[PDB]
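Only one chain is given next, in structure tokens, and it is the form solved without the ligand.
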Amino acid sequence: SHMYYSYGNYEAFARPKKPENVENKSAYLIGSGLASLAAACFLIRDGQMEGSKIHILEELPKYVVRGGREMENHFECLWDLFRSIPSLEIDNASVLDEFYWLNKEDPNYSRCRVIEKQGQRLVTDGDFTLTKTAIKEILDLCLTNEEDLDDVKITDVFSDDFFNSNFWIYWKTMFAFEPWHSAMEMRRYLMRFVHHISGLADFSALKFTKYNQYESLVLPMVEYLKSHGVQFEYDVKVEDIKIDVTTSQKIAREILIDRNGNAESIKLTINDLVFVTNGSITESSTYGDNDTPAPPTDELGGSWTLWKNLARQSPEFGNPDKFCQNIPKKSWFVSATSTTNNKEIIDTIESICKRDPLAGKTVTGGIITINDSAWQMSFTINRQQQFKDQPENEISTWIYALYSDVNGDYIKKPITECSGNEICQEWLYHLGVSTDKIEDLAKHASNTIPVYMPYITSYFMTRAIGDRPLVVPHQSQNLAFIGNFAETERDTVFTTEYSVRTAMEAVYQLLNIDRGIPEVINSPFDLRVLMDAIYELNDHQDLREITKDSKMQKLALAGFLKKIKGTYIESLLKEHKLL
């Protein structure tokens, strides 16, 4: 046991000893992603490794919004990391200090969630409209083991009652889930955010940064790492890492890189740690403009080629083909972001979200789902402005579509064939804007940049156990896997927390840092949390109202209330407004 999980304030504020033999250890980190930079920060702080021994290998040499970066308070590893990171906006404060102070003065909540029939709000908005069978299937999915859910789709565990409910409309749009996605990952998502079911439709439990994650999270970490002398090597293309797999131990021996076009090799010892971010969801992302579509592609990038080369060496390094291959053509591929300063587009937006987009505060509270759209278009507007040099009179909205190969409503073309204005054409169509001024507002009054990510749905692909390698593989001495494609316990991918948690576990295991890693929050194992979930799932109903029709549950409930009458259980039932 090279690590142990923990919770509470004891292991939270505790600093570990400097681990043994660190001063003769180095670290090479492939990529400059969020998980890679988090691992370097943990090596500096918790591992007490000097910055000159840490190398960041970056492929690239020395307005687009990557939306969907929702955050919540129980990102235990993220706030453990973003504590010693000083901020760049205000002095004598951390990244968490600004995030705490900004989310307490302007709480995030959505006054409108789903609209349909070109602008009109959904009549059953706020309610989940989950039937008894839909709630049963939700419980059945959570009560099934993770081992029994290997290569199981969402449609294999849910019926047509679940998909017709408003709960699925919120769930499929908040997390960009698809019906052909992993049931293991969805089951992890239901258990992780079971305490946010009350704040699910109105987004009251969601927390947002002042800007995008690049300048709110990545840039503060870059400034922190550069202050400690962390070496950043650029123009480095990592082909493959030579691993010798013996029956007793596995050591990274050598890395083949392409340093500024010249292929050369770095030698490795047992002390020289290697951190690999296998796979990438932003790789091979073609871009478009307001007049031409983003060209579709399926070219495997550097991150996917490295994982394929590593997987051939050992079977327990994971299967990269289960994520980067055979992605359905109906999956989410194209996302667009539109920037405008035109008044009547903003006025239409204000008429739907009931808040001023130029006020500088929470605008939409999150995303807005177009239920009638054939593309399953969903758009969001964050606290404008999300950028530094962006003018104060301009707003930036982010648009993504779930289905890809279906013709749109106003434009009879798929999202893959529509240019930047044409995506903005149908977006204005569903906002209630008339079909006469719709054309010139997109082509001239707004600038929309499409982007085609062919791997933006890879983390939710159906997988088995062992398809994702362990964060530190078994019997591994200096090789670690970080990012959203590394296997850990009970955590949800496509979150900033998952990348940070994998970074923390990799550093703590390889360096044998004897400090408790903060476990995933115990909401699914909490009596109070599970009771609040039952109340919220069936549209704010007491136990008498939930079982008012079924006789088998009514008899069982009557015996239950008889045995708990005048007890602390009944007090728990009443204070959670279930009785």
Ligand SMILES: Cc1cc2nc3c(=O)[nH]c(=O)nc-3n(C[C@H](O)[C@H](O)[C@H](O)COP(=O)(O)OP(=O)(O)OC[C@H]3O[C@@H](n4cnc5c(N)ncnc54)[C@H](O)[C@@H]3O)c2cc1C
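Start at 1 and count along the sequence shown; that's the residue number.
Another form, the form solved in complex with the ligand, is not on view; read the next lines as being about it.
Three or more atoms of the ligand lie within 2.4 Å of backbone or C-beta atoms here once its pose in the deposited bound form is superimposed on the site C-alphas of this chain, so the site counts as blocked. The partner is absent here; in the deposited bound form, the one residue of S280, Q425, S446, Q376 having a heavy atom within 4.5 Å of the ligand is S280.
Taking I241, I345, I115, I456 one by one, only a single residue has any non-hydrogen atom within 4.5 Å of the ligand in the deposited bound form, and it is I456. Although the partner is absent from the chain shown here, none of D106, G360 and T369 has a heavy atom within 4.5 Å of the ligand in the deposited bound form.
The stretch among 53-61, 39-47, 511-519, 540-548 whose residues place heavy atoms within 4.5 Å of the ligand in the deposited bound form is 53-61. The ligand is not shown here, and in the deposited bound form it never comes within 4.5 Å of any heavy atom of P450.
In the deposited bound form, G302 approaches the ligand with a heavy atom inside 4.5 Å. For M461, no non-hydrogen atom is located within 4.5 Å of the ligand in the deposited bound form, even though that partner is not displayed.
Under a 4.5 angstroms non-hydrogen atom cutoff, the ligand in the deposited bound form has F75 among its neighbouring residues.
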